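Notes follow once the structure below has been shown.
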Amino acid sequence: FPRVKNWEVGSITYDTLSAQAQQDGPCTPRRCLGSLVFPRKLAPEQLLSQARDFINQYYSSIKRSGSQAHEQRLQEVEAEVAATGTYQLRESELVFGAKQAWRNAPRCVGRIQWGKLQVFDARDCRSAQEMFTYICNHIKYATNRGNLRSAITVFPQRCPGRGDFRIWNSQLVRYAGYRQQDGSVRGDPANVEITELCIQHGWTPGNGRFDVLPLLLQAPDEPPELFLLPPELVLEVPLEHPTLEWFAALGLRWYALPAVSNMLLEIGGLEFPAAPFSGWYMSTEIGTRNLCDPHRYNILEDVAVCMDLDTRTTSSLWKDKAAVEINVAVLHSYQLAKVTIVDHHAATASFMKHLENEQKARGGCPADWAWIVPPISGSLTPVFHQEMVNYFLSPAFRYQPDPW
Amino acid sequence: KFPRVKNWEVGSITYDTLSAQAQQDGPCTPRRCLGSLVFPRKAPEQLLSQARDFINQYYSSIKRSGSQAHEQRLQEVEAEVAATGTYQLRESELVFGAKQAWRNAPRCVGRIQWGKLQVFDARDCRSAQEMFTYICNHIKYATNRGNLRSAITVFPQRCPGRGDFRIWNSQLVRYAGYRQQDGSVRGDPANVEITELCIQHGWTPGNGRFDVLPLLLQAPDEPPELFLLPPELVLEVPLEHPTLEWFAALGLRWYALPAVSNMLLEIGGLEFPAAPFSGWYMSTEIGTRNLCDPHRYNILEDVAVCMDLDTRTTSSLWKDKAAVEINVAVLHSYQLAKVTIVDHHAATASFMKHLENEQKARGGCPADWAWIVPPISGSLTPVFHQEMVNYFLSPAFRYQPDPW
Ligand code: HEM
Ligand code: HEM
Ligand SMILES: Cc1cc(N)nc(CCc2cc(F)cc(CC[C@@H]3C[C@H](F)CN3C)c2)c1
Ligand SMILES: Cc1cc(N)nc(CCc2cc(F)cc(CC[C@@H]3C[C@H](F)CN3C)c2)c1
Ligand SMILES: C[C@H](O)[C@H](O)[C@H]1CNc2nc(N)[nH]c(=O)c2N1
Ligand SMILES: C[C@H](O)[C@H](O)[C@H]1CNc2nc(N)[nH]c(=O)c2N1
Ligand SMILES: [Cl-]
Ligand SMILES: [Cl-]
Ligand SMILES: [Gd]
Ligand SMILES: [Zn+2]
Ligand SMILES: [Zn+2]
């Protein structure tokens, strides 16, 4: 049982939940690989193992462990896999599993909200046109005219033989990225690859820096099909600053809905390669990483020039000053648009409360310090001084290979 | 089977082959990562194997591996460990071992400087009084009227028969911390323990916020003895802000010389419990950590209120704005006083150069991401997007328990 200390207050706890981890991480006594973005790289009796644990979890949480439906539901999954080699989740199990995978995500700082999650069950999906309608329902429900609500849509599970449902975009809303002889990029450099697949599959491109890409939706065994997103359905926020009048003229925008559409949801040994989930943004994601990363929109120096900052010496802290103002413009613009957003101080303080909750309830919480601490102003937030333990519990969201 | 390490800003990929030579083990397992823990860790034949590895390292660096001189040194050491249970370093080996310990320190962002280290050999020290003279000479040489120079003074090694030389103070320059009426702390709260000790040992305490502490110096098998630092030896910097003129009236100060004095230096199996070392400050250590940490001087809200920021809501980013200007004040003040200081942009850029040098020289570099990434503006610096591998090489600086 690892001892975990908070260096701001002096309080000590012990993480007993870590003792119950399975899927081993990347570290060994010889070396820690905690900072690696992808840990390492990405006969059916082991399906029954992960399923019996999950069903025991489910009846644990609804109190009804021992007797009744508990040691009843243990049998049909046994018989389902005995009969068919896989099994179907009950809808309440699918709901409970989706919430747990979120609760279990070590890199997610928004997990105080894990209990409020709307699960759309898309397991009877059959075509790519159907997926598109499901995705469009999700986006409409999640966006909710700017009053965002966490949501997940679970597409049919991976099957013995036969292909997989798959969204080729990394998120549901992505901006395009186009090159030149320059090798430079117009738009988002994170999305250069998928932008060229969209074109490779027939997308007439666009002119500028904020073109919402079309979706590539992959029904099982068939090639992807391009689906264009309705402009009515993609809520966006033009960026303005509350006091720097010229900021709006930079023409910056970002979208309302953060919806991750390329991770594999794993519940009770079943795999859902298409289960896009969405919540709402923390402002540093947009302001600091998407707009200021050198390999993203890289706008930092352009803003500093407009603020008349001394970009001729690092010790002026011109980068820090312009970055804060970009974050101020993000928070201001989303509030003025009445689009849900949370600043990194509010988010991290909520995550501390979540750590306290998870301590009482489960004896600890898997947390990835490098991802929980915000990318600006880290030590000004309470999670910086909190020691954390990182480990893998199931259900889980896992990374998966791109279908290329 | 060496870890692949990616830089996400640029797309670089390398493999850390040096990690495979890590000759001691840390707190992580495949089950769980403890990378974020502040304290991760906590006879003749194992002394011999450590000695042989270091001798091998020493003769590698002088392009004389395998020579007669190399093997005579190996056989000399084995003979000395057999006759006395220990051995003595040659002066050239001590200089090389001290530089290697800095080079090997995973939490140090200043390691581009590692080969430029002044080593004072104080292994002939006989008393606490001589120890004090050596320390004062170290402070004088390292400070160098504001043009700071990296240095380490090495006091006699641990040996069977006599107690250890120890410096009880955690740094050579520290400000007192006085518990108070309100139950509050006046001065530096990180230093209440050592402050209470000094008073026990006869120090007549002050009542200010920036009172420099005396040294408690322990000769073998002696109680610690109190030594006052001559005020003219301790170079200090009043803090002012280039454009916030009321900032100077806060009365804030910091000292020029960061000199860590409670770490143990390990070279070839030998242990030096007293070997204080010093460099120069990175500005975020002073501005962000020492002045803004809620458990330290905790000035952030006072500065924000003076700047007329809106401290009623976090979404105004008043904390970030106040902290940026505190860092500006530190950099301006130290430059104005002509005292060496490096900002976090310059320092992390030089660390990136260090990583590249080290990959060519040694096949990798041990680095603790959570300590290398600065506590403000993390993703604005290039180390943020660099994956790192943390592991323990010897020679090394290690933590040790407090002598009390
Ligand atoms: C409701 C408010 C939410 C907030 C404020 C939030 C915020 C964040 C942030 C800031 C990250 C780290 C990524 C980064 O900082 O660059 C993250 C990661 C993550 N979140 Fe949340 N999120 C929310 C909802 C959700 C939901 C609903 C789910 C799933 C059901 C989820 C699952 C995840 C996962 C799996 C990761 C890891 C991403 C990766 O490994 O690339 N989050 N979230
Ligand atoms: C010359 C300029 C130097 C700079 C700019 C520098 C910078 C730093 C910084 C910023 C940290 C982490 C402190 C923080 O929390 O912000 C650190 C840690 C450390 N430094 Fe350096 N340093 C320098 C010189 C040295 C020297 C000369 C030595 C030894 C000979 C050394 C050994 C270490 C060690 C062992 C640690 C880790 C301390 C711990 O684990 O608590 N440094 N350094
Ligand atoms: C629901 C939700 C709400 C919210 N506010 N944020 C998120 C996370 C957004 C995100 C942040 C990030 F920094 C990188 C990625 C994608 C790339 C990452 C990194 C690597 F490429 C593999 N991963 C997939 C995605 C989710
Ligand atoms: C030579 C030098 C130059 C420079 N510029 N900076 C430094 C770092 C100074 C420092 C920073 C820090 F963040 C923590 C500690 C000591 C405390 C650490 C943390 C925990 F309290 C126990 N350890 C002993 C010391 C050293
Ligand atoms: C709990 C957490 O790991 C701890 O507060 C660490 C984080 N990273 C740090 N990094 C540096 N350079 N200095 C520190 O004191 C800390 N504190
Ligand atoms: C190299 C480093 O581990 C990598 O850049 C990580 C660091 N922490 C991060 N944290 C978050 N939240 N998002 C990220 O993309 C990253 N990148
Ligand atoms: Cl994003
Ligand atoms: Cl310090
Ligand atoms: Gd002024
Ligand atoms: Zn680890
Ligand atoms: Zn701190």
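Chain identifiers are assigned alphabetically (A, B, ...) following the order of the sequence lines, protein sequences preceding nucleic acid strands; residue numbering begins at 1 within each chain. Note that these values count all heavy atoms, side chains included, but never hydrogens, waters or copies made by symmetry.
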Pairs of heavy atoms under 4.5 Å with chain A: top-ranked of B:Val389, B:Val373, B:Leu317: B:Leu317
Spatial distance of atom CD (B:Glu9) from atom OG1 (B:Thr381) [nearest 0.5 Å]: 9.0 Å
A:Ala21 versus A:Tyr391, closest heavy-atom pair with distance: CB-CB, 4.0 Å
Residues A:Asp188 and A:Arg296 bridged, charged N to O under 4.0 Å: yes
Heavy-atom proximity to chain A below 4.5 Å, by part of B:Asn390: both
Minimum-distance pair of heavy atoms, taken over all atoms of B:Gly35 and B:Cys33: N-SG, 3.3 Å
Portion of B:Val342 that has a non-hydrogen atom of chain A nearer than 4.5 angstrom: neither
Residue, of B:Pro375, B:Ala370, B:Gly11, that accumulates the most heavy atom pairs under 4.5 Å with chain A: B:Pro375
Which atom of A:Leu336 lies closest to which atom of A:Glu240, heavy atoms considered: CD2-OE2, 3.3 Å
Beyond-backbone contact of A:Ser316 with A:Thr313, side-chain heavy atoms, under 4.5 angstrom: yes
Interchain contact, B:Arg4 with chain A, by part (heavy-atom threshold 4.5 Å): both
Under 4.5 Å from a heavy atom of chain B, the part of A:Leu331 involved: side chain
Side chain B:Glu285, main chain B:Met282, donor-acceptor under 3.5 Å: yes
Whether A:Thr284 side chain and A:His344 backbone form a donor-acceptor pair below 3.5 Å: no
Option in B:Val324, B:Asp320, B:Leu34 with maximal non-hydrogen atom pairs under 4.5 Å from chain A: B:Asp320
Aromatic ring pairing A:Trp254/A:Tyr297, orientation class (parallel under 30°, perpendicular over 60°, tilted between): perpendicular
Chain A contact via B:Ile341 - which portion, at a heavy-atom distance below 4.5 Å: neither
Part of A:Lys41 lying under 4.5 Å from any heavy atom of chain B: side chain
Which portion of A:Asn327 sits near chain B, non-hydrogen atoms under 4.5 angstrom: both
Contacting moiety of B:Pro294, where chain A heavy atoms sit under 4.5 Å: side chain
Part of B:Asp293 within contact of chain A (heavy atom distance under 4.5 Å): side chain
Contact origin within B:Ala20 toward chain A - heavy atom pairs under 4.5 Å: backbone
